[PDB]
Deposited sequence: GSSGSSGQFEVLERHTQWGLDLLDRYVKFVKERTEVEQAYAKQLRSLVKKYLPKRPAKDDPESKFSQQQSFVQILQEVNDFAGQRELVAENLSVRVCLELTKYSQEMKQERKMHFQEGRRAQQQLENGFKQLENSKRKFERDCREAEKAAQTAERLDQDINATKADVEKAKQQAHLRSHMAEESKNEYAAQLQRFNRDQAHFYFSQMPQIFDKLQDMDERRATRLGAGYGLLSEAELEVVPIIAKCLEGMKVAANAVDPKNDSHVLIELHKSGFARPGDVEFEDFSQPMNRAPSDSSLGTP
């Protein structure tokens, strides 16, 4: 009974494993689609004038957003490897080890069942043999009481009875031996054989569970790894914004252009006379 339960439960353990793997695969894809659009966006507004801080910082910011997208691709990459690829391989291993333990258990059950079939046939053969001996005893008996039967009639019927009696005895002994044989095997089957199989499944199940736990961890671990650089990115944007020097951009304007500011002097008198 504890066999069918472990069977459904260990299968459930692999199913959950396979779902987590599936959940991370999609997380990976969702993450990548995002980074993609982030790249595209940066492409769309980046320079196809660039002397003023205003136009400068905007580039520096587009740059850090572009780096940020890089970090997200890094997470999608690591998860895809440390989790999906690895755990998918590991789920295949455990799916197989599980199969092996159950085959060993089934073989154990089959060996005992075959023992039971032996028990059965010997009991049956004992029963029928008992009936014959009884039917042959009733016959010999009745003639024995028939004062008109001959001594030969009694002798013959008695022979058949003694004969069937011995056969029932022999059949009884094989039934008995078989019973003793079966009971020991069954006892041993439940005392050590099944417990030993249960241990293996408990061991494997616990290993998958622990490994599934580490898989859970890789989800947050991949995020944590990129935390520092994402912080670098954010700072890079904060400095860029504070780099915008409005009063100085003005200075730069009335500079490269001033050489064209002509201040016309007084118009002259046109004496025609």
Stretches with no C-alpha atoms in the model, relative to the deposited sequence starting at 1: 1-6, 55-61, 287-301
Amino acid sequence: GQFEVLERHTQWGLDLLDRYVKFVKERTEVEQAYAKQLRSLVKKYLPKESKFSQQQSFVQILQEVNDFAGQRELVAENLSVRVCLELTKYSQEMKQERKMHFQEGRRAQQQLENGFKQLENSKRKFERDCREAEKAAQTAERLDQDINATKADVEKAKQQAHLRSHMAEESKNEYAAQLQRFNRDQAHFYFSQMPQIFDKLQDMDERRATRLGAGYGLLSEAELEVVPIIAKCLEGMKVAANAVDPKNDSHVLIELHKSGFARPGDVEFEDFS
From here on, numbers count along this sequence of modelled residues.
Which of 191-199 and 155-163 has higher mean CA B factor, as the PDB entry lists it: 155-163
Of 9-17 and 248-256, the stretch whose C-alpha atoms average the higher B-factor in the entry: 248-256
Selection by C-alpha B-factor (highest) of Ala33, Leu212, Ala222, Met204: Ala33
Residue with maximal Cα B-factor (values as given in the PDB entry) among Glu113, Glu77, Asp144, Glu97: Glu77
Chain-wide C-alpha B factor ranking for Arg72, given as lowest, middle or highest third: highest
Chain-wide C-alpha B factor ranking for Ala176, given as lowest, middle or highest third: middle
Chain thirds of CA B-factor: placement of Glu86: highest
Assigned third (lowest, middle, highest) for the C-alpha B factor of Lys43: highest
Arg208, C-alpha B-factor rank within chain (lowest, middle or highest third): lowest
